[PDB]
RNA sequence: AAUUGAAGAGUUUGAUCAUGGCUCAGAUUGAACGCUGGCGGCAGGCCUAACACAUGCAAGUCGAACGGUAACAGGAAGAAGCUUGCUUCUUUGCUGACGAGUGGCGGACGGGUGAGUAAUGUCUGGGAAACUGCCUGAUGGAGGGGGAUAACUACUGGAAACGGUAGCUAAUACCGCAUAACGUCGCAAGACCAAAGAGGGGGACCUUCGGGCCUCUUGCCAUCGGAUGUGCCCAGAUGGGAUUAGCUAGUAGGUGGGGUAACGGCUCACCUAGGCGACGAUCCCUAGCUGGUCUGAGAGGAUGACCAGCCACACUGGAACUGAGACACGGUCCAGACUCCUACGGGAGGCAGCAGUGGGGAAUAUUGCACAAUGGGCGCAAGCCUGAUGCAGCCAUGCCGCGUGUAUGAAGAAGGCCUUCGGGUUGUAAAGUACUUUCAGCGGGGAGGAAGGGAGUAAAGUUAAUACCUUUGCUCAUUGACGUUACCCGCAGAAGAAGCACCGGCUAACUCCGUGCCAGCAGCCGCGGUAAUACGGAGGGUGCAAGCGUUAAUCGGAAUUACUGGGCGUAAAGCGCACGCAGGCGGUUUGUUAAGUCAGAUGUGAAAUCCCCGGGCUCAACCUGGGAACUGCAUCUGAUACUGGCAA
RNA sequence: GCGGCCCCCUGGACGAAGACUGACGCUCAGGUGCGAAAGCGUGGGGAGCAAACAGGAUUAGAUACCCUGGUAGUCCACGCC
RNA sequence: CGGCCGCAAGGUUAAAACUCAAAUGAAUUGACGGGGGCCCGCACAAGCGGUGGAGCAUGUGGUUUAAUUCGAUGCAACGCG
RNA sequence: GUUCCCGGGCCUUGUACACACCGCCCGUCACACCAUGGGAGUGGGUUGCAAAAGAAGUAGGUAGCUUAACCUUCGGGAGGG
RNA sequence: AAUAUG
RNA sequence: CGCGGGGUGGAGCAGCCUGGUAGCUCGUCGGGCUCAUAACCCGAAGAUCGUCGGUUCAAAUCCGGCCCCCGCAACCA
RNA sequence: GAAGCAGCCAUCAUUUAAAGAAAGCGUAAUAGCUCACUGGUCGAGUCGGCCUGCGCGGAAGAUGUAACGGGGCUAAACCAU
RNA sequence: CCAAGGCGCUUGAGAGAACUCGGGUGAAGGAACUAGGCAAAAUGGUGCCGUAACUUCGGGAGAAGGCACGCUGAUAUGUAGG
RNA sequence: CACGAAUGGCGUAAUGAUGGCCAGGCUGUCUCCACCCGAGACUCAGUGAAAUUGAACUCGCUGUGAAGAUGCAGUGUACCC
RNA sequence: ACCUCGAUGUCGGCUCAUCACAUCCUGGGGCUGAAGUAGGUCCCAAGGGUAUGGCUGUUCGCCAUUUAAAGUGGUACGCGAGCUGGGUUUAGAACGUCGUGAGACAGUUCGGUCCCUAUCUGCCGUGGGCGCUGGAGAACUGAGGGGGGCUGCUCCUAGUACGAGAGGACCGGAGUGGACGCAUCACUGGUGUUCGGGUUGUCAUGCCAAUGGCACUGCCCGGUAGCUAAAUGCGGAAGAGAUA
């Protein structure tokens, strides 16, 4: 990075701009969807397969998930397999039958809830 | 005057003897770093980016080759204001001169650098078919004419650099003709080629009274010579690599033409088909070399800055001119990279010259003084120029000299340190007393490097000329950059001036305290896990000194690539075995040749330098006389045992 | 490196006496030939044995030692290494 | 790595970086060998009686506790000091 | 009784052992680190071979254009640029 | 027979 | 609402025409062997015969239920 | 430039007609300028909800008025008779 | 491109527009088009020189990439050869 | 997810109207298309088809509608050819 | 599952549009945690404008570098009697997977015909008849209807307002480009097979000479007029009226 310069104010701005680009970027964690599990199946792909019904919001192929019952996280992960009816698909929306299983998941309890959530960058700027 | 020269130790094991590596004590350096540093002498001091550069300086010189007044210094005449006899101001080359300019010579030398360059180069020894400025000896000419042109004037383009148009004007510049062998070309007869004048002074004849003309000095020209300088050619020697084995079309040879100062595939045309190659061609990597330096007992090895010889290069790349000599470090042209200035149209530059700066790197210096001296360029000399050179500045970088006191001094002071707490030590050291004052500090004096050159005189030589000039004597004025010189004399008062490494074994020199297998030391083998002679600190001790130590670097030690001077049964090492070409070596007898070899002699082997014997710098280092060495090589003359050749 | 028998072709060393040639020698980088066992190419042959590989034992484990089978190979021709 | 040979496996020619101070030879003494000979002891053999199970005595380890004083632990400690 | 076991003595033999088999010592794997070979390729430098290119300068040739010294018949030739 | 590690 | 065979201690096991003190392996906890450890050896803990009614002196041994695992059917979000 | 209104706390009372240690603009902060509360003045209706009748807004779409059939209507609507 | 020989395709005649068909050409840029350099274009002969990785050693190969090329005269009243 | 060693694996020169990709050349393929020359398309003369067709004096818009109206309703617009 | 299986030919692209406003940009305003500025958000506003490429079956999307700005939707996911046929419902073949298999896969790869002369309506241009009250010729009024309606950058106002400084204006003026449309050949260019020249091969004109024919206009170099865009002139307005 080679600069021979004009005015000192632009230099004081460009060091601040460099620091701002340097700065760690993300902060926001917000739900995309909520889904309810019923009727477990077993599979060699992932161990167990939790049949699901998405109760609220949208479900997308790769996002972090929180599998929870009554304010405890039962199991933790990133959304691994999104299956609808008989085929893996990119996305699913509330009121729809689904299946999901995660590698080394064998821990299904019916009536547990999956919260799938979107993570959004912000890029802080020094001032 | 000359052969006095060679050391080993530590370390593999429980222990030993071998083999064998590793490591150290040595010497040395264009050194750096670390810590510390008083003065002096001498020597030496960018080995990195052949990277780029601000500003200044680095060769010009002759009016005695020439127009000239652009200088400006006088003089005169004249024109004028008067100071009234002188000042003043326009002319004037009259005159001491002298810018720009013309012409000649110098700019091709010296200085700097090590990029490229493995031989085309270099070194040694020989050679033939060559030229060679200036500079000297010899023999003779130096006759008679002519045309331009820059400068300079009048115009005119330009920001600047730098010019344009038209006339005028000289010359030791330029060009014809005459004149010409002993010269060139030819068998000869013959043909043809040169010139330049300038300067000083002077009786006679005379002069368009400018000088003609005489006489002296010098320059011009041709030729035969000298010494010098350079080009050319051949042999041998002169880095590394075979995991580079094939290489050469102008290549190799011939003839003829052309070309160079000259031999020449030097270059063409044509003809022939060779050349080089295991004694390492070719290619690649790498490098300036030698006389020498350094090391080494020698043999050898490493190294080639300093110093000198030679070669090569000069922003990158190429070519030619001028000239005696360049394919030109501060010349030219063109092309390229790149840098700058600018009015933007168009122009400018090559510090590896001396200083000096950026950058680089561990790291190598003052933008000094002077032509006083030596040696150069030009000139007749004066003179001028000389960043060559002579000197100084800076740096403990190296070498070397000297000082930082001397003598006395026991109560063997205190303190420090140890201490079986008896004492011991630090330590005659200190303290004290008696002395000396180098070198510094300060005030005074003063060689040599200066011989010459200049000016004036005289003689002698010269001449038609007591001239006039040179030579050779004499005499008088002078000529020091460094320089507050070297060196000497006088004064005060121990005053101003000692640090650094190391102490287990190697390896000279020992205890205590702290830390406690931590922290750290280590060149090598190794030390430290609470009593560390190996760490940290102190005390003590040893080595060495204005330096000391570490590091890097090379040789040594290393007979550890072994020629001198090694091994290979089992330690690393004999191809699995054999036949065989090139290569090495060869029974025994006689003759011969004399290559190798051995002897002798001459020439050469640069000088510096090393060595041996001397001298001189206040003494050494350093400087310097003479000799030896000059270890080699070539040619020539000899010897004939041995080896080789040849003959039986 | 070659051990049954016999033949054919055919190598060399050594002795014996005697004869002849008359240094024709010794060694040899480069180069060339030969060169066990294993292995490879093609086509045959294959009784034993024996990699591989299998199974049964042993053992903590035993894909080994040990034991039972058993392929390539071991055999031959001609080539190669 | 490159060259060369070879069908390939492979052979041949043949390094450097780097790392470590020993690698290593023979020989000597000892110790050791599931090496050998020789040879002895309640070593085994041939026998007799016991311990190890039971209950108790005492010591040890360990546990526990305010303290369970401290040392001793293969033969060569545990009715030990 | 001395075959077997433990322990011990003598001789002889073997040895990479000498804090003496309770010795010593091999290689994978796991781990960290260091250098190095290969590597689709990428980026430079150098350079052979074969062509294009052709400034400037020299050398060679010039029915043009232009021109002071020599020749001349005074027109021009010769010569130069 | 058979027996591993310090 | 679907075809096969099994259930004995912590885990895995023998009892089949032969219904007569539930014992044997692997782990677990102790003891022995060794200088010490693995290894090895001797031992101890360990139960309604899955669960029920019948069977019946005593039970996979003789039945039917409940239930569980495996067998294949066995989906396969 | 804080004394109610930039801050933090007290989350109360006094003086008092009436004034809450005060709600805002304002002031550099008080003041200024008012509110809450009341006096003077003037002059009679005044203030907030509730239940029902009828409207207003909430009301953005795709070829052209394009959600009274149209012109057009405040009765030619709506409600009751 | 012509000879001998044989033919002028059984509707014509006028306009000279979109657009379609068969063709020629083009500034500047040179695959940007598009599923895709498809289609057009460009190369194209002989002789000589020269020619890589790699390879079953034949190849690769015409590799790649260049140079010469008309006409007239002379060598030769038209030579070498037939 | 869900290769595989004769339903062959992996190498492979030469080869290919083969598949994918990229480079250079070259261009109206294109940014961005223009012009012209030929044959139709047009007028005239002659000859002369074909698919098709419930019947028709065969308008737009909005809405309705066996749910996307030339014919309906409402409305607008429209010389005849 | 109401229209359509005695046929409404299915995704995307290209060419060609058109409307809606829930407005991407340009306009006008309020509030702003609105210093300037750059913004944020909401309302009103549909006239005009509203990117090329890399990637791919490609919508979408990712990514590029731009621009006043790269709108969201409707229209048989506008548009195949206009075009493409890569994707996608044909027949080949293969791979994986599944099935004993024939075969299948909503997994994939390589290959693989887009028909039709326009009657009517509709739509774009240009005519004939008749009417308009005697007939005829000319020039107009303008009822009515369409096209046009874009925006960057520079300078001045002003380095002012505003602001600590940096930075950096409103509003109102003056130029000069892009985009796009209309006009048009003087210029620069293009074409220019009816104008000229060169040139290869061959035939004919008796022959030589000089021409002519033919070979893509044989090949090829030039170029008049006309027509042309890549050439060069111009355009978008100001203002008024009535209002959100």
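Quick note: the coordinates plus some simple rules give every number you see, no bench work behind them. As a convention, Cβ positions derive from the backbone with ideal geometry for all residues, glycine included, and neighbour counts pool all protein chains shown.
Observations, loosely collected:
- Residue in the range A:10-28 that is nearest to residue A:83 (Cα to Cα), counting only those that are touching a strand residue (DSSP E or B) at 6+ places or on another chain (Cβ under 9 Å) and either outside any loop (DSSP other than H, G, I, E, B) or within 10 Å of RNA strand G (Cβ to nearest atom) (or both): A:28
- Taken as a whole, the structure places residue A:46 among residues that are within 16 Å of RNA strand G (Cβ to nearest atom), in contact (Cβ under 8 Å) with a residue 12 or more places away in the chain, under 24 Å from the mean Cα position of the chain (by Cα) and surrounded by 14 or more Cβ atoms within 10 Å (Cβ to Cβ).
- Members of the range A:29-45 found to be touching a strand residue (DSSP E or B) at 6+ places or on another chain (Cβ under 6 Å) and closer than 20 Å to residue A:63 by Cα, listed by number: A:29, A:30, A:31, A:32, A:33, A:34, A:35, A:36, A:37
- Scan of the range A:69-88 for residues that are free of Cβ contacts under 8 Å to residues at least 12 places away in the same chain and either over 12 Å from residue A:114 (Cβ atoms) or within 16 Å of RNA strand K (Cβ to nearest atom) (or both), ordered by number: A:70, A:71, A:72, A:86, A:87, A:88
- Enumeration of residues in the range A:89-105 that are more than 15 Å from residue A:63 (Cβ to Cβ) and within 16 Å of RNA strand K (Cβ to nearest atom): A:99
- Selection within the range A:32-44: residues that are under 13 Å from residue A:101 (Cβ atoms) and assigned to a loop (DSSP other than H, G, I, E, B). The member of this set that is nearest to RNA strand K (Cβ to nearest atom) is A:44.
- Hits in the range A:100-127 (condition: part of a loop (DSSP other than H, G, I, E, B) and surrounded by 15 or more Cβ atoms within 10 Å (Cβ to Cβ)): A:101, A:102, A:108, A:112
Residues are listed down the side, and each one gets a yes or a no for (1) assigned to a loop (DSSP other than H, G, I, E, B); (2) under 17 Å from residue A:112 (Cα atoms); (3) out of contact with any helix residue (DSSP H, G or I) (no Cβ under 6 Å at 6 or more places or on another chain):
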site	(1), (2), (3)
A:30	no, no, yes
A:50	no, yes, yes
A:58	no, no, yes
A:62	yes, no, yes
A:67	no, yes, yes
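- The set of residues from the range A:69-99 being farther than 15 Å from residue A:35 by Cα and either part of a strand (DSSP E or B) or touching a helix residue (DSSP H, G or I) at 6+ places or on another chain (Cβ under 9 Å) (or both) comprises A:72, A:87, A:88.
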